[PDB]
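Chains, contacts and geometry: an overview
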Amino acid sequence: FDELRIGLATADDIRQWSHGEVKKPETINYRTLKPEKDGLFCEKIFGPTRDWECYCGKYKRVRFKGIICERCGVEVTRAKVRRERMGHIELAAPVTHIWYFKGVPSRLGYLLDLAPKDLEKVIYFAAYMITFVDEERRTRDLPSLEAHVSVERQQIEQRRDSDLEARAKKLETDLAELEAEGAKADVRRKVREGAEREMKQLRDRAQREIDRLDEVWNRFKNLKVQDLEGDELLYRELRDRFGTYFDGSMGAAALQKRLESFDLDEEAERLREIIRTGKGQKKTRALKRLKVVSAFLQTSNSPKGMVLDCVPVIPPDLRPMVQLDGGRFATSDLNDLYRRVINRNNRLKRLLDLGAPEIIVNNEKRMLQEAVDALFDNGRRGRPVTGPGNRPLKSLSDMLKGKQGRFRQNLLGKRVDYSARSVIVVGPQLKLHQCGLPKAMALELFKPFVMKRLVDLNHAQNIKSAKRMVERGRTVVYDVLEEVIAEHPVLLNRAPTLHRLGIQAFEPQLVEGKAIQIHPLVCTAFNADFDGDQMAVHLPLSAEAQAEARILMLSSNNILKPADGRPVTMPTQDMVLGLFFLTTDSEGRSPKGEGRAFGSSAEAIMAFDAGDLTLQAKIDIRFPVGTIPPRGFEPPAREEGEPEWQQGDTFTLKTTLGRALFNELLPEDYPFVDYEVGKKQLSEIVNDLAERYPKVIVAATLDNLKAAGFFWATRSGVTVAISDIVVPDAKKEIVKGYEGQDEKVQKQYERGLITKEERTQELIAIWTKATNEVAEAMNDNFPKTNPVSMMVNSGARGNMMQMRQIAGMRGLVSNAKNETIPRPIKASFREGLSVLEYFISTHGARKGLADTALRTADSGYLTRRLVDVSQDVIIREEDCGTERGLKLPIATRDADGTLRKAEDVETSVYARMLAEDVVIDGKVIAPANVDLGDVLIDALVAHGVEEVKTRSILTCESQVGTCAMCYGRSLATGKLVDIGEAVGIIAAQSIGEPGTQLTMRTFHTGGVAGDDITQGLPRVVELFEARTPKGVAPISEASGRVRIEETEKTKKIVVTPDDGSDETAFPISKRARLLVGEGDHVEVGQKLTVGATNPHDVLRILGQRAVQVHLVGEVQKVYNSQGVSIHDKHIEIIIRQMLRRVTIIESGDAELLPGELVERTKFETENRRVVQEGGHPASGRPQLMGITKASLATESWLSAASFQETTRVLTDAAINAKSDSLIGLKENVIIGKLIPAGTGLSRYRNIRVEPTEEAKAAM
Amino acid sequence: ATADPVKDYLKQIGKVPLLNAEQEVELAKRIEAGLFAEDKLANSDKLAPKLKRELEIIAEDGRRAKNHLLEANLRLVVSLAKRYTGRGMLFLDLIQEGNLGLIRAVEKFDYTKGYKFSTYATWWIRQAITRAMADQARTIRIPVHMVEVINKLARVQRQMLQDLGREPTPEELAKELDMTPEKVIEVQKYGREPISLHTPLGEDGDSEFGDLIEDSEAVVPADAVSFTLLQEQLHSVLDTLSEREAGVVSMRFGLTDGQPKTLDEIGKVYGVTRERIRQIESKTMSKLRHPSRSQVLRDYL
Ligand SMILES: [Mg+2]
Ligand SMILES: [Zn+2]
Ligand SMILES: [Zn+2]
């Protein structure tokens, strides 16, 4: 389990694994249903089908286990041994493996210098091959064979001359006799014409016999190894004419005979020689050939296994034939493929037994080879073997691949026991850490524990009686159930589970109904909505699992979302509206009892219950001792003649009753919050509470906030009648004026003075102006009292666009294929659309639905790719010895006379760590190795700093992984990241979580294609794939003079760098936009055409820091366009995992291949060991590569096998004979060992616990 | 060399010379020449080496003529194998098995019957093709006589269906074929084709038919827990009884070991009569049959 090897399995290994020969094709008997002898499903080879029974019906008893039956040879043992015992099929003629031959040429490898079409010709029995030639023996006796050929030519010419003389005599004789007989007037001309026709035909066959002799001579003269011969007649006449000189064969046996004598070390030698000198695509050919051949040199596995003689068989359980109801049978397609191979092998053996024609034997060997190929890969070549006539049979590989393969459907993700699922309901009566399971769910989940406690409580005599009562379901079972499930957490989980908070451990609690009762305060972190969403409940089982549920997983410890550090367990739908109504100012609502002193909040509550004081009214309310005053009230303390402090003393405040209640919700140590709460300030309050109070106190305060928010939202005066939604009264006249001027334009267009396109453009412009103006009128119309504004201005639920298109006009709405109708929807949803206006609304609606479906699909795909590329990076050191960092800006866009901090400081500089101390006047403002929060950043920007050096992960160098300090504080705990936290998966999920939340598509292309770059999720995936964007913006290599060259066929730009640097020319199309000055000043910074720069050349000509900044800035500017906030360290992790590979050149002294994928640490180690040897180091360039290519090119082939290309990497590992170290997480999920992240580390599992001496002395 | 080797095989047949009557009778005479010559060579008698080489030349010519007859007759076997295609066996495999039938056919030919090769070869072609179809087409092997019985029953059932236009009762088919109706039920139960395990269910792609079936051989954890608790409780109730009674019951059903022992078998080591040992045995069964020591075992069945 330390190491998991792979390689080519030669026939010796197959025979070692095998336990017999599957000689016969049949599987089971047709009446007794017993497995056959020495055939498929054989009990002698694979093992018995029952337990400790044998085939011949004897030896049914268990006592004499491990013996061999004399009658039938079946070993008596368990029935599960048929899951692990394999045999083999002995093939009469060798066949090739379809994985290596007929694949990617990087894995075919050109090990023999043959074209793939030549292989198709040779091993599919359509063209011959010469396997061996006695070249030195052929060249030794050249004068003798030349003399024999000369003798043959001489006798050919002699017999031609004799035949010519005889034909001349015959022609003269017949001409003389037909001119002397005089049978006809011109019969001599006819016989002469016939004679000359005979002349030309016999001369033709003479030149033809000469031609075949010449062609066989020049064919034999240039015969060598690796020679093919398509024509069977030509090879036959070489065999007949010339003997024991060249050896050839037919089919895959030719490859075996070539490979047994194939000399490959000198092949690598001369191939290195042609690597050293040459030019062109020959370099690439020899490069791939040397990268494949050198695998067989260093490794000890012989290359014999590419062509095979034996075929191992799957054990019979894994290709079962199971009995069903009604007598029907169901078998796997592997049994059918094995049956086909066995039938054809038996028929080939039968043909080899007797004397058979070569065409029939060759066709039999071809169909055998094709059947073996179909067994290894059904559908790789040609029409797949269908079978029933509907679908192709699934081969071995066809279930090692894809969504139906073992890697992705049964190894990474598995079904589980002790799990349950039902719909969800909201329960406000629960705490933060409680969930309500039904009775049936809790009984079926906790059934074995219930039986154990029932036997312990002796309600049942033994286990069977306990099970009988549980199945019957008596009330004592429910009582002991309620006694059991407490102090036993369960894992709740939603199916999408987009991010880390999709699994949260609650404490179960018995409730009635058939639905899981769930705290509303946490349902937004699940993305849960109570509309039939079904949540599965998984049960942690051992002590370790429920301990990790209690400590790591509890719902009262997951306040802060790891995506941005913002609180996520304070939802907004209903409680925020209640607190808004509780704490808002009295505007538009009649304030009763406005401006009267109150002794305490109790007297105010009594007055409010009486009815003479409204909830929001500016009153002077005195507060008892211990209440902390507001942040703004401490300096404006009540004026004092003697020295006094208002910090712990009583005070009077000008605040409403509702704010006093709200500060009764918050803890006593919190300062009196004295403003409109809404949502954003509530998020800030919850963030401050989480940052400055322990977890249990924060859970209690949010539970109080939930309860009071619901209580006051019931009485908040929100409701939606149709009078509450109000249309602007000015909308009628605004629309009337705009349609009047539209009518004026329409009669203006009717005269043809303007085109249709210009009219459409100006019409959509003026109608956009109209909808913006009526939106402004709508904002100016509504008061603060109506509930729609009260639930949209409080951050509760809704945006201003929705209220704009319910009250005001719906505005402009798109057509099919992304254009705009000149006529907008002038009717509001309160007024109600007309027929066709509603039709054009449906145009946009269905496109939006299809867009969000495809968007969530591609978001899941990007999330998976990010998880693969960004995994196996884990915090593994406490601190580095480094001091280098990143120059992240802190103060930007300062005005005249003032300094302003950066706008995106909250996602970039926050939650990081300083690389070194900062000084402005010789004194440190912020110490090194501390987090950067609000107060410290405010102090720095007040002192007058412009940029800071943050110790980020891109500059982190370490012996293994990354350290905690260089990564920065974790955004999910609010503290420093613990050693072992799997930061890579958290980063990948945080990038992939708002993929469905982007909801972006290009509104209009402007009538031209290609002018607009990719937007939204396609832009993000194009950035992370390191691909060249669709809008390419070239960058000048050096500063110099740049001018345009407007060639008519294709535009052209030319930049001439100064200082004697070489001219570089960039090709640009005849497209509309180019922003560079002709004969103007240019440098490396700017871009010749506005567009997305290709980041490959950015890295090439600017540096690693510049390309890191560019990538981070681009993805963050995509994400910030929608409102989703992702911290930049999550991107920086993927970018660091992205630039790790380095491309090397001129590696003539570093003794490895130049111009491939080389790891950075390995390249540095090679440089160190070659400068230790004295040789000059090889050059190297960093290579920005995509997430997919970096995921495939990994050390552990199990992780790459679990990814997309699972056939290429398996063949690659088999050829390279690479064994993977099990450092990683996919390769530890598959095996079932503990993952090396978090609790699974070595430094945590190696603890020994013992009580102290005074502890055992006490008891 | 490309896909669809059926086309490649058909072109590999090539433009073989079709044989008019005198040509194939001359070829058959050359077959006999080669065969009788190699038969003469097979004898151990010593002849002239030149005569031996001449007979070897005749044998080579006979082998060449046998080959030429094969490539001449691959056309007829392809034309006949297509008559029985698309019935669970591949077309080229049918061609190859018909080729086996044809090489069996020509070996058993004589020129005494002045008939064409078609009317004699077609019998062996049909016989070998239907024998291979009986032997190898189905996943479960069915013997050839069962196959001919079942497809004769199928064809006469089809004749009944096209005759009276209705599905006949199995009793009518049994009495019109003179077998018992239970035999007819048995043979149409045997004549069934298995359905592949990997059939898709519907719109969903990941859900296959193979994951829906359970296995009866799978161990149930409840059953194993019940078994080990039954063993523990049986040991406990054995310890509850007297030591001598526990000893005598431990051997009567051979509880201690894997083998039970008779009353005469234990009458030597302990030394009592058959009367007394069976009396104390039946007393132990009666004592365990009392309802006091029953609830600890009645639910255990
Ligand atoms: Mg939902
Ligand atoms: Zn046996
Ligand atoms: Zn570090």
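Note that residue numbers begin from 1 in each chain and follow the written sequence, not necessarily the entry's scheme, while residues that lack coordinates are absent from the view. The naming scheme follows written order: chains are lettered A onward, ligands numbered 1 onward. Taken from a larger assembly, the chains shown here are the sole basis for all values reported. Side-chain figures throughout are based on the complete set of non-hydrogen atoms in the structure, without hydrogens or water.

As recorded in the PDB entry, chain B goes by RNA polymerase principal sigma factor HrdB and comes from Streptomyces coelicolor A3(2). Quoted straight from UniProt, the Function entry for chain B says "Sigma factors are initiation factors that promote the attachment of RNA polymerase to specific initiation sites and are then released. This sigma factor is the primary sigma factor during exponential growth. Its activity is stimulated by RbpA." UniProt positions are given in the numbering used here, feature names are shortened, and annotations may be inferred rather than shown by experiment. Turning to chain B, the UniProt annotation filed under Sequence similarities states: "Belongs to the sigma-70 factor family."

In the nomenclature of the PDB entry, chain A corresponds to DNA-directed RNA polymerase subunit beta' from the organism Streptomyces coelicolor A3(2). Quoted verbatim from the Function field of UniProt, the annotation for chain A is "DNA-dependent RNA polymerase catalyzes the transcription of DNA into RNA using the four ribonucleoside triphosphates as substrates." What UniProt states about chain A under its Sequence similarities heading is, verbatim, "Belongs to the RNA polymerase beta' chain family."

When its secondary structure is counted, chain A shows 43 helices and 33 strands. Whereas a compact globule of 1259 residues would reach a radius of gyration of roughly 33 Å, chain A reaches 42 Å, over 25% beyond that. The dimensions of chain A, computed from C-alpha atoms along their principal axes, are 160 × 100 × 75 Å. Relative to its full complement of 1259 residues, chain A shows a buried share of 46%. Two residues form a contact once any of their heavy atoms are found within 4.5 Å. Sequence-distant contacts, at least 24 apart, represent 67% of the contacts inside chain A between residues at least 6 apart. With residues, only the protein chains shown are counted as cover, and all accessible areas are computed by Shrake-Rupley using a 1.4 Å probe. For chain A, the accessible area works out to roughly 63,300 Å², and carbon and sulfur atoms hold 53% of it. Charge assignment: positive for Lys and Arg, negative for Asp and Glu; neither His nor the chain ends contribute. All charge positions are set by atom: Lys at NZ, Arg at CZ, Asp at CG, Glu at CD. Positive and negative side-chain charges in chain A, numbering 184 and 183 respectively, have mean positions lying 7 Å apart. Per the convention used, a helix needs a DSSP run of H or I reaching at least four residues, while a strand needs a run of E reaching at least two, with both numbered from the N terminus. Every radius of gyration here is taken over C-alpha atoms, with the globule rule written as 2.2 Å times N^0.38, N being the number of residues. Relative accessibility thresholds used throughout: buried, under 20% of the residue-type maximum; exposed, over 50%; partly exposed, between the two (1.4 Å probe, protein chains only).

Before going further, it helps to spend a moment on the domain arrangement of chain A. Residue and element names in this part refer to chain A. Once the domains are mapped, chain A shows domain 1 (574-716) and domain 2 (729-850). Note that the domain bounds reflect an automated or database-derived domain assignment. Relative to domain 2, the C-alpha centre of domain 1 lies at a distance of 42 Å. Opposite the 9 residues of domain 1 that make contact, domain 2 presents 7 residues. Summed over both partners, the accessible surface that disappears when two parts come together, traced with a 1.4 Å probe, is what is meant by buried area. Buried surface at the junction of domain 1 and domain 2, summed over both partners, amounts to about 690 Å²; 71% is from carbon and sulfur atoms. Looking only at domain 1, the three residues that lose the most surface to domain 2 are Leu577, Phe580 and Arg589, adding up to 55% of its buried area. The working definition used for a salt bridge is a side-chain nitrogen of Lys or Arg within 4 Å of a carboxyl oxygen of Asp or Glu. Seen at the junction of domain 1 and domain 2, the total is 0 salt bridges. Any pair of N or O atoms that falls within 3.5 Å is considered a polar contact. Within protein, one atom must be able to donate a hydrogen and the other to accept it, and sequence-neighbouring residues count only if both atoms are side-chain atoms. One can count 1 residue pair in polar contact joining domain 1 with domain 2.

The subject of this paragraph is the UniProt feature "binding site: Zn(2+) 1" in chain A. All names here are of chain A. Within this numbering scheme, the UniProt entry marks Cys54, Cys56, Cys69 and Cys72 as carrying the feature "binding site: Zn(2+) 1". A maximum C-alpha distance of 8.6 Å among these annotated residues, which run over 19 residues, shows that they cluster at one spot. As for its placement among the helices and strands, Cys69 is situated in the loop between α1 (11-17) and β2 (88-96). Sequence-distant contacts of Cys69, defined by excluding residues within four places in its chain, comprise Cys54, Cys56, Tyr59 and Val74. With respect to the helices and strands, the residue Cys72 is situated in the loop between α1 and β2. Not counting the four nearest positions on each side in its chain, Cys72 is found in contact with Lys37, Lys44, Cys54, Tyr55 and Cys56.

Turning to a nonpolar patch on the surface, a few remarks are in order. The residues that make up patches have over 30% relative accessible area and no salt bridge, and they are joined within 9 Å when like-charged or within 5 Å when they are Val, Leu, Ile, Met, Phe, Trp or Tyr. A cluster of nonpolar residues, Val835, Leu836 and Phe839 of chain A, forms a patch on the protein surface that exposes about 360 Å² of accessible area. If you trace the backbone, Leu836 of chain A turns up in helix α28 (residues 835-870).

Looking now at the UniProt feature "DNA-binding region" in chain B. UniProt annotation of "DNA-binding region" refers to residues 263-282 of chain B when read in the numbering used here. Split by type, residues 263-282 of chain B is 45% helix and 0% strand. Its first and last C-alpha atoms lie 12 Å apart.

With that out of the way, let us pick up unusual backbone geometry. Residues and elements named next belong to chain A. A positive phi is found at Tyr59, a non-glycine position, where the angle reads about 55°. Take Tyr59: it is sitting in the loop between α1 and β2. With a phi close to 65°, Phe125 is a non-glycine residue in the positive phi region. Among the secondary structure elements, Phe125 is positioned in the loop between α3 (116-123) and β3 (128-133). Owing to a relative accessible area of 9%, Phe125 belongs among the buried residues under this scheme.

Let's shift gears to the packing of helix α19 (residues 575-583) of chain A against helix α21 (residues 657-665) of chain A. Residue and element names in this part refer to chain A. As a packed pair, α19 and α21 sit with axes 7 Å apart at the nearest point and diverge in direction by 130°. By the criterion of interaxial angle, the relationship of α19 to α21 is oblique. Contact residues: α19 offers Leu579, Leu582 and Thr583, while α21 offers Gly658, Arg659, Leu661, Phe662 and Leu665. Axes here mean lines fitted to C-alpha atoms, for a helix over just the part in contact, with angles spanning 0 to 180 degrees between N-to-C directions. Roughly parallel means an angle under 35 degrees; roughly antiparallel means over 145; roughly perpendicular covers 65 to 115; every other angle is labelled oblique.

The next thing to look at is the coordination of the zinc ion (ligand 2). Residues and elements named next belong to chain A. Distances define the donors: N, O and S atoms within 2.8 Å of the metal qualify, as do those within 3.2 Å of Na, K or Ca. Water is excluded, so some sites may look unfinished. The protein atoms that coordinate the zinc ion (ligand 2) are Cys54 (SG), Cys56 (SG), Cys69 (SG) and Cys72 (SG), at distances spanning 2.3 Å. Look at where the donors of the zinc ion (ligand 2) fall in the sequence and you get C-x1-C-x12-C-x2-C. Here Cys56 is found in the loop between α1 and β2, whereas its partner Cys69 is found in the loop between α1 and β2, with 13 residues between them in sequence.

The next subject is empty space enclosed by the protein. Note on definitions: the grid is 1 Å and covers protein atoms alone; a cavity is a set of points where a 1.4 Å probe fits but cannot get out; a pocket is an open set with protein on both sides within 12 Å along at least five of seven lines; lining residues have an atom within 4 Å of a point. Grid points are joined across faces, edges and corners, and a volume is the space filled by probe spheres set on the points. The full count for this structure, using the stated rule, is 7 cavities of 30 Å³ or more. In this structure, the largest cavity is lined by 14 residues; those nearest its centre are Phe101, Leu112, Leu119, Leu255 and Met306 of chain A. For the lining of the largest cavity, the elements supplying multiple residues, two or more each, are α3 and α8 (252-260) of chain A. Its residues assigned to classes, the lining of the largest cavity comprises 12 nonpolar, 2 polar and no charged. Here the second largest cavity defines a volume of roughly 100 Å³. Contributing to the lining of the second largest cavity are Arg339, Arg340, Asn343, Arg344 and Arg347 of chain A together with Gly88, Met89, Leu90, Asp93, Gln136 and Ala137 of chain B. When residues of the lining of the second largest cavity are assigned to their parent elements, the largest contribution, 5 residues, is made by helix α11 (residues 333-353) of chain A. Side-chain classes are defined by residue name, with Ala, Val, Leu, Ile, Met, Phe, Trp, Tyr, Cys and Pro counting as nonpolar, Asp, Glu, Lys and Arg as charged, and the others, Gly among them, as polar. Split by residue class, the lining of the second largest cavity holds 3 nonpolar, 3 polar and 5 charged.

This part takes up the pairing of strand β11 (residues 490-494) of chain A. Residue and element names in this part refer to chain A. Summarising burial for β11: 5 of the 5 residues are buried, a large majority. With 4 bridges joining them, β11 and strand β12 (residues 503-510) adopt antiparallel strand pairing. Directly across from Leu492, in β12, lies its bridge partner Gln504. Here, strands pair whenever DSSP counts at least two bridges between them. Where β11 meets strand β14 (residues 534-538), 4 bridges bridge the pair, whose relative direction is antiparallel. If you follow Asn493 over to β14, its bridge partner there is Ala536.

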